[PDB]
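**Q** Following this message is one structure expressed as structure tokens.
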Amino acid sequence: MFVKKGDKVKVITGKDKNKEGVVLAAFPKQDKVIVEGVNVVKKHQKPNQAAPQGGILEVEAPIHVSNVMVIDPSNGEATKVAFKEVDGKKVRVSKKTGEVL
RNA sequence: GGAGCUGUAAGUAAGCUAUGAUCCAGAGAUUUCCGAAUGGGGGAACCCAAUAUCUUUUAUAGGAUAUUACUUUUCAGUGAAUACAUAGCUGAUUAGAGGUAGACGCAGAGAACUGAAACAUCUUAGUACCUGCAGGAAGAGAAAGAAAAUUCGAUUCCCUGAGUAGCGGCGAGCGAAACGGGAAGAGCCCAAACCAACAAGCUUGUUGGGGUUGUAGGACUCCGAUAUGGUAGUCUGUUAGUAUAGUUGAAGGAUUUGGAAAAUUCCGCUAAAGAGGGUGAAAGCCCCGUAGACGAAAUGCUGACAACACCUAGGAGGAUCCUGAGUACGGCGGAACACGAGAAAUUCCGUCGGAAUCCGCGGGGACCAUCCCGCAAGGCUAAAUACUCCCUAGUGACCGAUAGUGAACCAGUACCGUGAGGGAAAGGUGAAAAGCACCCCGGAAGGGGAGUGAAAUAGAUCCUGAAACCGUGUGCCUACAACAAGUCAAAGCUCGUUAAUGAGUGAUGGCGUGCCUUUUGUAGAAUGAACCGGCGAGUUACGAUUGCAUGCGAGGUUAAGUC
RNA sequence: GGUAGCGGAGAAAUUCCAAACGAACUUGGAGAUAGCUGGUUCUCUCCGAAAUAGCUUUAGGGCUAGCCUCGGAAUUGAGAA
RNA sequence: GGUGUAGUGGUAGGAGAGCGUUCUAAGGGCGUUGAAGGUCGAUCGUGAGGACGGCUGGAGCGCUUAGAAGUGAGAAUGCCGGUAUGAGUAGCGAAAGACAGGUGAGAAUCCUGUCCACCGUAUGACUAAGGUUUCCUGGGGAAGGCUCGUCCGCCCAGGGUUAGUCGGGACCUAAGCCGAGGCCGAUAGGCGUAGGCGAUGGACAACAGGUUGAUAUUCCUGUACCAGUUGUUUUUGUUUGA
RNA sequence: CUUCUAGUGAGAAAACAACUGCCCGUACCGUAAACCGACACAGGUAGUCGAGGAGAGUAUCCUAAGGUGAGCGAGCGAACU
RNA sequence: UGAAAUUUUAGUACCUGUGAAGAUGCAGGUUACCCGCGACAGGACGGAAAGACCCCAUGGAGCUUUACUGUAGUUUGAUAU
Ligand SMILES: [K+]
Ligand SMILES: [K+]
Ligand SMILES: [K+]
Ligand SMILES: [K+]
Ligand SMILES: [K+]
Ligand SMILES: [K+]
Ligand SMILES: [K+]
Ligand SMILES: [K+]
Ligand SMILES: [K+]
Ligand SMILES: [K+]
Ligand SMILES: [K+]
Ligand SMILES: [K+]
Ligand SMILES: [K+]
Ligand SMILES: [K+]
Ligand SMILES: [K+]
Ligand SMILES: [K+]
Ligand SMILES: [K+]
Ligand SMILES: [K+]
Ligand SMILES: [K+]
Ligand SMILES: [K+]
Ligand SMILES: [K+]
Ligand SMILES: [K+]
Ligand SMILES: [K+]
Ligand SMILES: [K+]
Ligand SMILES: [K+]
Ligand SMILES: [K+]
Ligand SMILES: [K+]
Ligand SMILES: [K+]
Ligand SMILES: [K+]
Ligand SMILES: [K+]
Ligand SMILES: [K+]
Ligand SMILES: [K+]
Ligand SMILES: [Mg+2]
Ligand SMILES: [Mg+2]
Ligand SMILES: [Mg+2]
Ligand SMILES: [Mg+2]
Ligand SMILES: [Mg+2]
Ligand SMILES: [Mg+2]
Ligand SMILES: [Mg+2]
Ligand SMILES: [Mg+2]
Ligand SMILES: [Mg+2]
Ligand SMILES: [Mg+2]
Ligand SMILES: [Mg+2]
Ligand SMILES: [Mg+2]
Ligand SMILES: [Mg+2]
Ligand SMILES: [Mg+2]
Ligand SMILES: [Mg+2]
Ligand SMILES: [Mg+2]
Ligand SMILES: [Mg+2]
Ligand SMILES: [Mg+2]
Ligand SMILES: [Mg+2]
Ligand SMILES: [Mg+2]
Ligand SMILES: [Mg+2]
Ligand SMILES: [Mg+2]
Ligand SMILES: [Mg+2]
Ligand SMILES: [Mg+2]
Ligand SMILES: [Mg+2]
Ligand SMILES: [Mg+2]
Ligand SMILES: [Mg+2]
Ligand SMILES: [Mg+2]
Ligand SMILES: [Mg+2]
Ligand SMILES: [Mg+2]
Ligand SMILES: [Mg+2]
Ligand SMILES: [Mg+2]
Ligand SMILES: [Mg+2]
Ligand SMILES: [Mg+2]
Ligand SMILES: [Mg+2]
Ligand SMILES: [Mg+2]
Ligand SMILES: [Mg+2]
Ligand SMILES: [Mg+2]
Ligand SMILES: [Mg+2]
């Protein structure tokens with residue numbers, strides 16, 4: 001996928017539109033990704049999970065990769081990603097600015 | 001290729017990964033046992049060996065490795081009745097077995113139902129089935145031809161000839177070929193005569209040279225040339241390309257509704273990319289892609305180049321020699337030719353008889369003569385043609401879960417049968433499991449809250465949720481009535497609609513024997529339907545003919561085929 | 001263990017051959033053939049029969065004619081009462 | 001378009017004109033401000049049929065023109081599915097059970113006890129075939145059990161089959177079968193010699209007791225036997241040679 | 001298996017000690033609810049043992065060892081079968 | 001605990017008559033308050049089996065013979081070996 005673990009991304013669709021967070025986990029096979037503080041769900045968990053209350057836990061659920069855009073670290077704004085080889089190494093490049101990664 | 005990964009498949013647990021994992025492509029290694037199965041056996045996936053080497057034990061037992069089936073080819077050694085020998089036996093060597101792709105090809109053998117309105121000739125049909133052999137194609141193929149326009153010049157396939165010529169209990173039916181137009185195109189090798197070498201027993205076998213034909217050719221004898229061209233040869237190299245992974249690949253933000261925007265509105269932007277797919281609803285500009293550009297370490301495949309290899313001669317004379325024998329052909333009996341013995345050619349098989357050979361031979365649909373055409377009894381040969389089990393990329397006025405493959409799902413499965421064999425049913429929560437923590441009744445199941453969700457009457461028998469069938473509640477009617485159940489008339493009561501000279505129910509009165517099929521005639525005591533739902537029957541191809549329509553009109557029109 | 005369907009076996013009954021044997025079972029030819037029975041799905045408008053003759057291995061089938069329907073041509077109008 | 005005249009039952013069947021369904025093309029549209037579909041309504045047309053509104057539903061679908069058909073079902077003792085009727089009816093598959101206690105949410109049906117009753121050339125004890133885990137232990141009550149079930153030959157989880165001597169193989173053969181060469185035959189193959197396979201037969205060394213929840217001539221105890229190897233000792237033969 | 005020689009032969013035999021001896025089956029049901037009958041089916045299923053009194057007896061009745069009370073019951077005590 | 005055959009929908013009387021000639025359903029008259037339970041079997045030409053008897057089809061099959069046409073075998077001759 002064009003987005004990678006640890007990236008800073010902006011949500012461009014969904015209830016969490018315009019939010020921005022770091023990518024916590026990536027699932028290329030599902031073409032999905034998890035962004036901290038994005039698409040949080042209340043989950044009714046029995047206490048069988050080493051938590052002696054079970055409770056209603058809060059966890060981020062994956063969102064489709066197409067619904068996020070990588071944040072330009074140099075500019076702080078979301079942008080599309082091109083691929084340019086720099087000094088013999090292929091890297092991602094911001095189409096808005098040209099900055100790497 | 002660059003960040004996750006340890007399948008479906010969650011879960012725990014333990015781990016791997018920028019020292020580049022998982023993943024993708026080429027090559028390679030390992031690849032238990034059964035299975036042609038092949039050391040022997042055997043009720044497949046098991047059992048028991050011999051030989052040689054190694055290994056465990058003090059040693060026997062035990063373990064590993066290698067070889068050991070049958071037949072064919074070749075060689076060698078041994079070796080009977082029997083003397084020589086052969087046969088047998090031993091060893092080595094060589095190449096076969098079996099399966100497929102339910103397809104396509106060739107051949108052996110080869111039905112019946114059916115049609116003929118019966119049936120035997122005939123037709124179904126040389127089809128179905130069985131068997132052998134194959135190749136990527138096969139088969140055919142280089143004239144003892146087609147013709148008689150005078151010519152053509154291997155074969156195959158297509159259009160046409162033509163439903164014609166013909167065949168046929170002259171019935172039912174079967175049914176050509178040549179000419180013409182096209183796809184593709186290619187020609188070559190022996191036997192023989194003759195010469196040389198070799199061995200034996202002047203000829204007689206092997207090898208080599210020579211020769212490959214019908215306007216006759218070759219040998220042979222003279223001359224002159226030792227060239228000119230070609231190939232349907234090679235794991236020979238070089239080169240180019242291509243197949244099998246990949247890389248790159250433009251352009252959008254807000255606004256309104258909404259859980260969610262791609263939808264609406266407003267302004268923009270890209271296009272060699274507005275094919276398509278996905279994304280929380282319908283996206284040219286979010287993602288995967290698309291147009292375009294680029295890319296191969298390794299192995300295949302193709303084409304070119306070279307290399308090697310192999311074919312390649314002209315003219316003149318005939319005196320003689322050669323030019324495919326148990327063959328051609330004939331009788332008899334069958335069969336194939338559209339042609340069923342018919343006047344019957346031509347071709348093939350079985351049996352018997354049985355030629356000529358260049359002044360020769362065969363054919364031109366009995367046969368003879370003339371003329372014309374050709375030269376059998378030897379072999380090989382690419383392309384055009386046939387088919388798709390498979391792999392890749394696509395396409396569809398093709399199906400959309402009773403459809404479409406039997407099989408969208410762990411299907412040739414479950415199940416049935418001794419066996420061959422027969423053969424199902426079964427797709428959909430939600431955008432996302434966020435798959436209902438906690439509480440209450442209950443032993444649980446299952447519910448009621450409370451929560452998740454936009455929606456839970458989307459709660460896993462989960463999208464939608466029809467009808468039959470069942471049940472609850474009730475507006476009206478019903479216990480003196482004989483009812484194909486309705487229809488026409490109608491009081492009463494109840495209710496207020498697509499606002500219509502309304503709706504529901506209905507005491508009571510009149511009339512009135514279902515639907516379908518098949519019948520002269522059916523309410524029929526003739527037939528069929530238990531009910532509901534789904535599925536379920538004049539279609540297509542090629543021809544004939546008529547109507548209608550269009551174009552052209554004494555003209556009309558192309559078929560195959562090429563782009 | 002042997003005998004297999006154009007067959008086997010039969011102290012013989014058409015008796016048995018995997019719960020139906022005057023010719024087993026399965027697959028294929030195959031969608032056998034059926035002058036026979038059954039079924040054949042929407043609507044309205046115009047018109048509207050026949051159950052007869054002849055022949056038929058023909059009689060509950062078929063063919064021609066007769067009767068119906070649609071289109072067309074032409075007439076010194078030929079039809080009906 | 002108007003007036004007039006006439007006509008307008010109908011099976012087989014002929015002619016004409018239309019409705020509706022799926023899909024294709026073009027144009028023009030409609031849809032999370034809710035499509036298709038479902039359901040209700042007292043709506044429109046001459047007919048097949050067409051709208052409109054409410055509710056349900058949640059993503060596709062009309063309209064006009066033309067085109068193509070797997071294009072219309074009520075019947076085929078049609079096929080498949082579902083559900084009725086008979087009907088809370090037949091049946092619940094040879095026979096003896098009773099009570100007390102226990103367990104349990106729950107007991108005629110499970111466990112224990114007592115009495116009673118049944119079989120006893122069997123309904124007892126061994127075994128071959130066959131079945132193939134049904135055996136034991138601990139749980140369970142969804143489904144199966146013709147009732148019930150706390151229970152089971154059911155379901156879940158673990159566990160269980162110990163051989164020189166028993167049966168079979170490393171032993172033998174009968175019938176039958178296979179069959180090197182071979183004989184025969186359109187193909188395929190048929191038959192068959194040597195040689196093998198093949199028991200239901202022949203040959204062959206261990207028995208008693210004990211032990212577990214489940215195995216026992218298998219494990220253990222005791223005492224044996226059969227075949228063989230190494231070693232020690234004592235014998236005796238070394239080629240007129242055991 | 002026992003003999004006979006043919007062949008083969010330098011080592012054999014006895015006692016004792018120690019040691020070796022492979023593969024498959026082994027559960028369970030088995031005149032049945034576990035097999036064949038679609039069923040937890042009144043049928044079929046080879047062989048062995050199969051006691052006592054009376055008795056010829058494995059007949060018959062009642063019993064031993066041992067096993068079992070049959071997988072719907074409770075009432076009532078009509079017709080009819 | 002829990003089926004089945006059957007089943008066009010049924011609010012499912014009698015007599016006489018009528019009718020495809022043997023009516024629960026049609027005509028006339030008569031009878032009959034509504035719903036059941038236990039019994040019987042006259043009818044629903046009751047259910048079950050597309051009658052086997054009879055006829056028909058230019059159907060099938062098995063069998064017979066001095067039906068027709070063939071044919072395996074058997075035999076005889078010519079001919080090849
Ligand atoms: K084998
Ligand atoms: K194929
Ligand atoms: K025939
Ligand atoms: K006929
Ligand atoms: K060829
Ligand atoms: K023709
Ligand atoms: K005829
Ligand atoms: K030459
Ligand atoms: K998106
Ligand atoms: K798109
Ligand atoms: K290459
Ligand atoms: K002929
Ligand atoms: K010629
Ligand atoms: K829903
Ligand atoms: K009601
Ligand atoms: K009335
Ligand atoms: K009848
Ligand atoms: K008999
Ligand atoms: K039906
Ligand atoms: K029922
Ligand atoms: K009922
Ligand atoms: K238990
Ligand atoms: K034995
Ligand atoms: K045992
Ligand atoms: K006695
Ligand atoms: K006794
Ligand atoms: K019981
Ligand atoms: K009683
Ligand atoms: K009685
Ligand atoms: K009648
Ligand atoms: K009766
Ligand atoms: K018969
Ligand atoms: Mg083997
Ligand atoms: Mg016929
Ligand atoms: Mg090949
Ligand atoms: Mg792009
Ligand atoms: Mg936009
Ligand atoms: Mg012929
Ligand atoms: Mg001849
Ligand atoms: Mg000739
Ligand atoms: Mg002539
Ligand atoms: Mg000539
Ligand atoms: Mg070719
Ligand atoms: Mg569906
Ligand atoms: Mg299907
Ligand atoms: Mg709903
Ligand atoms: Mg639903
Ligand atoms: Mg009265
Ligand atoms: Mg009253
Ligand atoms: Mg009649
Ligand atoms: Mg009926
Ligand atoms: Mg008789
Ligand atoms: Mg029988
Ligand atoms: Mg046929
Ligand atoms: Mg639709
Ligand atoms: Mg249809
Ligand atoms: Mg129906
Ligand atoms: Mg009753
Ligand atoms: Mg009982
Ligand atoms: Mg007795
Ligand atoms: Mg048990
Ligand atoms: Mg237990
Ligand atoms: Mg029960
Ligand atoms: Mg043999
Ligand atoms: Mg035991
Ligand atoms: Mg035992
Ligand atoms: Mg009368
Ligand atoms: Mg009467
Ligand atoms: Mg009436
Ligand atoms: Mg009857
Ligand atoms: Mg009949």
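In the structure tokens, chains take letters A, B, ... by order of appearance, with residues numbered from 1 within each chain and ligands from 1 in the order shown.
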Go through the chains and note each residue within 8 Å of ligand 32, using only C-alpha atoms (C1' of nucleotides) and all ligand atoms, then give the set as an MDAnalysis selection string.
**A** (chainID C and resid 22) or (chainID F and resid 61:62)
**Q** Write out as a PDB file with N, CA, C and O atoms (P, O5', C5', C4', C3', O3' and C1' of nucleotides), in the first residue's frame each polymer residue (protein, DNA or RNA) that has an atom no more than 8 Å from ligand 19, with only C-alpha atoms (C1' of nucleotides) and all ligand atoms counted.
**A**
ATOM      1  P     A B 529     -55.222 -36.420  -9.908  1.00  0.00           P
ATOM      2  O5'   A B 529     -55.084 -34.925  -9.385  1.00  0.00           O
ATOM      3  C5'   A B 529     -53.983 -34.118  -9.764  1.00  0.00           C
ATOM      4  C4'   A B 529     -54.249 -32.665  -9.471  1.00  0.00           C
ATOM      5  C3'   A B 529     -54.820 -32.366  -8.096  1.00  0.00           C
ATOM      6  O3'   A B 529     -53.835 -32.343  -7.081  1.00  0.00           O
ATOM      7  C1'   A B 529     -56.061 -31.199  -9.725  1.00  0.00           C
TER       8        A B 529
ATOM      9  P     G D  74     -52.583 -19.672 -13.525  1.00  0.00           P
ATOM     10  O5'   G D  74     -53.140 -20.851 -12.611  1.00  0.00           O
ATOM     11  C5'   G D  74     -52.257 -21.789 -12.003  1.00  0.00           C
ATOM     12  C4'   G D  74     -52.597 -23.200 -12.407  1.00  0.00           C
ATOM     13  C3'   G D  74     -52.256 -23.538 -13.852  1.00  0.00           C
ATOM     14  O3'   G D  74     -51.965 -24.930 -13.972  1.00  0.00           O
ATOM     15  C1'   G D  74     -54.594 -23.657 -13.553  1.00  0.00           C
ATOM     16  P     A D  75     -50.523 -25.502 -13.560  1.00  0.00           P
ATOM     17  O5'   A D  75     -50.752 -27.072 -13.479  1.00  0.00           O
ATOM     18  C5'   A D  75     -51.395 -27.771 -14.539  1.00  0.00           C
ATOM     19  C4'   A D  75     -52.580 -28.557 -14.042  1.00  0.00           C
ATOM     20  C3'   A D  75     -52.948 -29.782 -14.874  1.00  0.00           C
ATOM     21  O3'   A D  75     -53.418 -30.815 -14.013  1.00  0.00           O
ATOM     22  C1'   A D  75     -54.778 -28.287 -14.823  1.00  0.00           C
ATOM     23  P     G D  78     -48.883 -36.280 -10.108  1.00  0.00           P
ATOM     24  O5'   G D  78     -47.996 -36.042 -11.409  1.00  0.00           O
ATOM     25  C5'   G D  78     -48.309 -34.991 -12.307  1.00  0.00           C
ATOM     26  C4'   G D  78     -47.201 -34.749 -13.297  1.00  0.00           C
ATOM     27  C3'   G D  78     -45.866 -34.323 -12.702  1.00  0.00           C
ATOM     28  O3'   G D  78     -45.062 -35.432 -12.337  1.00  0.00           O
ATOM     29  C1'   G D  78     -46.481 -32.813 -14.418  1.00  0.00           C
TER      30        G D  78
END
**Q** Which residues are close to stretch 256-263 of chain B, i.e. within 8 Å by only C-alpha atoms (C1' of nucleotides), leaving aside same-chain residues fewer than 5 positions away? Reply as a ChimeraX atom specification.
**A** /A:14-15 /B:280-283,431,454 /D:32-33
**Q** Interatomic distance between atom CA of residue A:99 and atom CA of residue A:73?
**A**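 It comes out at 8.2 Å.
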**Q** Which neighbours of residue E:28 fall inside 12 Å, counting only C-alpha atoms (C1' of nucleotides), when residues of the same chain fewer than 5 positions from it are skipped, and could you give them as a list in words?
**A** residues 131, 132, 133, 134, 135, 136, 153, 160, 161, 214 and 215 of chain D; 34 of chain E
**Q** Output C-alpha atoms (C1' of nucleotides) for every residue in that selection, as a PDB file, in the first residue's frame.
**A**
ATOM      1  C1'   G D 131     -19.279 -54.696  12.756  1.00  0.00           C
ATOM      2  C1'   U D 132     -15.025 -51.189  13.628  1.00  0.00           C
ATOM      3  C1'   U D 133     -14.356 -47.954  19.110  1.00  0.00           C
ATOM      4  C1'   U D 134     -19.712 -49.181  19.981  1.00  0.00           C
ATOM      5  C1'   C D 135     -14.725 -51.072  25.373  1.00  0.00           C
ATOM      6  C1'   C D 136     -13.013 -47.827  30.351  1.00  0.00           C
ATOM      7  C1'   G D 153     -24.560 -48.928  22.501  1.00  0.00           C
ATOM      8  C1'   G D 160      -7.636 -48.448  26.681  1.00  0.00           C
ATOM      9  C1'   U D 161      -5.766 -53.866  22.707  1.00  0.00           C
ATOM     10  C1'   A D 214     -10.372 -50.753  30.700  1.00  0.00           C
ATOM     11  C1'   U D 215      -5.439 -56.136  28.222  1.00  0.00           C
TER      12        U D 215
ATOM     13  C1'   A E  34     -23.059 -53.364  18.502  1.00  0.00           C
TER      14        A E  34
END
**Q** With chain A as the partner and 9 Å as the cut-off, tabulate the residues of chain B that qualify, each row holding the nearest pair of atoms and their distance in Å to one decimal, using only C-alpha atoms (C1' of nucleotides), sorted by chain and rising number, as JSON lines.
**A**
{"residue": "B:3", "atom": "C1'", "partner": "A:4", "partner_atom": "CA", "distance": 8.0}
{"residue": "B:4", "atom": "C1'", "partner": "A:26", "partner_atom": "CA", "distance": 8.2}
{"residue": "B:248", "atom": "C1'", "partner": "A:83", "partner_atom": "CA", "distance": 8.0}
{"residue": "B:259", "atom": "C1'", "partner": "A:15", "partner_atom": "CA", "distance": 7.5}
{"residue": "B:260", "atom": "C1'", "partner": "A:14", "partner_atom": "CA", "distance": 5.5}
{"residue": "B:261", "atom": "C1'", "partner": "A:13", "partner_atom": "CA", "distance": 8.3}
{"residue": "B:279", "atom": "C1'", "partner": "A:66", "partner_atom": "CA", "distance": 6.1}
{"residue": "B:280", "atom": "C1'", "partner": "A:14", "partner_atom": "CA", "distance": 6.8}
{"residue": "B:286", "atom": "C1'", "partner": "A:66", "partner_atom": "CA", "distance": 5.2}
{"residue": "B:287", "atom": "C1'", "partner": "A:66", "partner_atom": "CA", "distance": 4.6}
{"residue": "B:432", "atom": "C1'", "partner": "A:61", "partner_atom": "CA", "distance": 7.8}
{"residue": "B:433", "atom": "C1'", "partner": "A:43", "partner_atom": "CA", "distance": 8.8}
{"residue": "B:434", "atom": "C1'", "partner": "A:41", "partner_atom": "CA", "distance": 5.6}
{"residue": "B:436", "atom": "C1'", "partner": "A:44", "partner_atom": "CA", "distance": 7.5}
{"residue": "B:437", "atom": "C1'", "partner": "A:44", "partner_atom": "CA", "distance": 4.4}
{"residue": "B:438", "atom": "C1'", "partner": "A:55", "partner_atom": "CA", "distance": 7.9}
{"residue": "B:451", "atom": "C1'", "partner": "A:44", "partner_atom": "CA", "distance": 8.4}
{"residue": "B:452", "atom": "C1'", "partner": "A:42", "partner_atom": "CA", "distance": 6.9}
**Q** Find the residues near ligand 23. Use a cut-off of 8 Å, count only C-alpha atoms (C1' of nucleotides) and all ligand atoms, and write them as a PyMOL selection string.
**A** chain D and resi 199-201
**Q** How would you write, as a PyMOL selection string, the set of residues no farther than 12 Å from ligand 5 when counting only C-alpha atoms (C1' of nucleotides) and all ligand atoms?
**A** chain B and resi 105-106+134-141+155-156+380-382
**Q** Given a cut-off of 10 Å, what residues near ligand 3 show up using only C-alpha atoms (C1' of nucleotides) and all ligand atoms, put as number ranges by chain?
**A** B: 111-115, 119-120, 122-124
**Q** Could you write out the selected residues, including N, CA and C atoms (P, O5', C5', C4', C3', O3' and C1' of nucleotides), as a PDB file, in the first residue's frame?
**A**
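selection.pdb was written with the following content:
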ATOM      1  P     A B 111     -22.880 -55.827 -38.284  1.00  0.00           P
ATOM      2  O5'   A B 111     -23.555 -54.460 -37.832  1.00  0.00           O
ATOM      3  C5'   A B 111     -24.963 -54.357 -37.722  1.00  0.00           C
ATOM      4  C4'   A B 111     -25.417 -54.635 -36.313  1.00  0.00           C
ATOM      5  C3'   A B 111     -26.856 -54.268 -36.000  1.00  0.00           C
ATOM      6  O3'   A B 111     -27.759 -55.293 -36.376  1.00  0.00           O
ATOM      7  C1'   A B 111     -25.430 -53.424 -34.304  1.00  0.00           C
ATOM      8  P     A B 112     -28.931 -55.000 -37.434  1.00  0.00           P
ATOM      9  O5'   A B 112     -30.178 -54.624 -36.524  1.00  0.00           O
ATOM     10  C5'   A B 112     -30.522 -55.425 -35.405  1.00  0.00           C
ATOM     11  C4'   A B 112     -31.056 -54.583 -34.278  1.00  0.00           C
ATOM     12  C3'   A B 112     -32.129 -53.579 -34.657  1.00  0.00           C
ATOM     13  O3'   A B 112     -33.421 -54.149 -34.765  1.00  0.00           O
ATOM     14  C1'   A B 112     -30.497 -52.504 -33.347  1.00  0.00           C
ATOM     15  P     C B 113     -34.523 -53.466 -35.714  1.00  0.00           P
ATOM     16  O5'   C B 113     -35.128 -52.304 -34.812  1.00  0.00           O
ATOM     17  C5'   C B 113     -35.659 -52.586 -33.528  1.00  0.00           C
ATOM     18  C4'   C B 113     -35.709 -51.353 -32.665  1.00  0.00           C
ATOM     19  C3'   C B 113     -36.496 -50.178 -33.213  1.00  0.00           C
ATOM     20  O3'   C B 113     -37.896 -50.311 -33.042  1.00  0.00           O
ATOM     21  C1'   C B 113     -34.431 -49.414 -32.359  1.00  0.00           C
ATOM     22  P     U B 114     -38.867 -50.222 -34.317  1.00  0.00           P
ATOM     23  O5'   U B 114     -38.422 -48.868 -35.023  1.00  0.00           O
ATOM     24  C5'   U B 114     -38.467 -47.636 -34.320  1.00  0.00           C
ATOM     25  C4'   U B 114     -37.768 -46.538 -35.079  1.00  0.00           C
ATOM     26  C3'   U B 114     -38.293 -46.253 -36.473  1.00  0.00           C
ATOM     27  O3'   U B 114     -39.459 -45.452 -36.463  1.00  0.00           O
ATOM     28  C1'   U B 114     -35.932 -46.356 -36.520  1.00  0.00           C
ATOM     29  P     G B 115     -40.598 -45.672 -37.568  1.00  0.00           P
ATOM     30  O5'   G B 115     -39.884 -45.299 -38.940  1.00  0.00           O
ATOM     31  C5'   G B 115     -39.463 -43.971 -39.208  1.00  0.00           C
ATOM     32  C4'   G B 115     -39.092 -43.801 -40.658  1.00  0.00           C
ATOM     33  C3'   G B 115     -39.995 -44.526 -41.644  1.00  0.00           C
ATOM     34  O3'   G B 115     -41.182 -43.819 -41.941  1.00  0.00           O
ATOM     35  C1'   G B 115     -37.743 -44.974 -42.174  1.00  0.00           C
ATOM     36  P     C B 119     -42.098 -52.866 -39.981  1.00  0.00           P
ATOM     37  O5'   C B 119     -41.632 -54.000 -40.994  1.00  0.00           O
ATOM     38  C5'   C B 119     -41.766 -55.374 -40.665  1.00  0.00           C
ATOM     39  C4'   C B 119     -41.283 -56.251 -41.791  1.00  0.00           C
ATOM     40  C3'   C B 119     -39.896 -55.919 -42.318  1.00  0.00           C
ATOM     41  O3'   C B 119     -38.871 -56.543 -41.567  1.00  0.00           O
ATOM     42  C1'   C B 119     -41.410 -56.085 -44.129  1.00  0.00           C
ATOM     43  P     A B 120     -37.351 -56.049 -41.701  1.00  0.00           P
ATOM     44  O5'   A B 120     -36.765 -56.898 -42.912  1.00  0.00           O
ATOM     45  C5'   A B 120     -36.523 -58.293 -42.769  1.00  0.00           C
ATOM     46  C4'   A B 120     -35.840 -58.879 -43.980  1.00  0.00           C
ATOM     47  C3'   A B 120     -35.303 -57.866 -44.994  1.00  0.00           C
ATOM     48  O3'   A B 120     -34.077 -58.341 -45.552  1.00  0.00           O
ATOM     49  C1'   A B 120     -36.819 -59.314 -46.061  1.00  0.00           C
ATOM     50  P     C B 122     -29.322 -54.871 -48.551  1.00  0.00           P
ATOM     51  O5'   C B 122     -29.974 -53.425 -48.672  1.00  0.00           O
ATOM     52  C5'   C B 122     -29.821 -52.656 -49.853  1.00  0.00           C
ATOM     53  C4'   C B 122     -30.770 -51.487 -49.871  1.00  0.00           C
ATOM     54  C3'   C B 122     -30.590 -50.463 -48.767  1.00  0.00           C
ATOM     55  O3'   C B 122     -29.526 -49.563 -49.014  1.00  0.00           O
ATOM     56  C1'   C B 122     -32.881 -50.982 -48.989  1.00  0.00           C
ATOM     57  P     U B 123     -28.772 -48.860 -47.786  1.00  0.00           P
ATOM     58  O5'   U B 123     -29.939 -48.122 -46.998  1.00  0.00           O
ATOM     59  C5'   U B 123     -30.520 -46.927 -47.494  1.00  0.00           C
ATOM     60  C4'   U B 123     -31.363 -46.258 -46.441  1.00  0.00           C
ATOM     61  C3'   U B 123     -30.644 -45.954 -45.136  1.00  0.00           C
ATOM     62  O3'   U B 123     -29.954 -44.719 -45.168  1.00  0.00           O
ATOM     63  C1'   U B 123     -32.703 -47.047 -44.684  1.00  0.00           C
ATOM     64  P     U B 124     -28.642 -44.505 -44.268  1.00  0.00           P
ATOM     65  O5'   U B 124     -29.171 -44.613 -42.772  1.00  0.00           O
ATOM     66  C5'   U B 124     -29.997 -43.604 -42.217  1.00  0.00           C
ATOM     67  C4'   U B 124     -30.368 -43.920 -40.792  1.00  0.00           C
ATOM     68  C3'   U B 124     -29.212 -44.239 -39.857  1.00  0.00           C
ATOM     69  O3'   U B 124     -28.591 -43.077 -39.337  1.00  0.00           O
ATOM     70  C1'   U B 124     -30.911 -45.867 -39.605  1.00  0.00           C
TER      71        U B 124
END
**Q** As a quick test: using only C-alpha atoms (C1' of nucleotides) and all ligand atoms, which residues lie no more than 10 Å away from ligand 15? Give them as a list in words.
**A**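 Protein and nucleic-acid residues within 10 Å of ligand 15: residues 472, 473 and 474 of chain B.
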**Q** Neighbours of ligand 60 within 12 Å, counting only C-alpha atoms (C1' of nucleotides) and all ligand atoms, as an MDAnalysis selection string?
**A** (chainID D and resid 119:122) or (chainID E and resid 50 57:61)
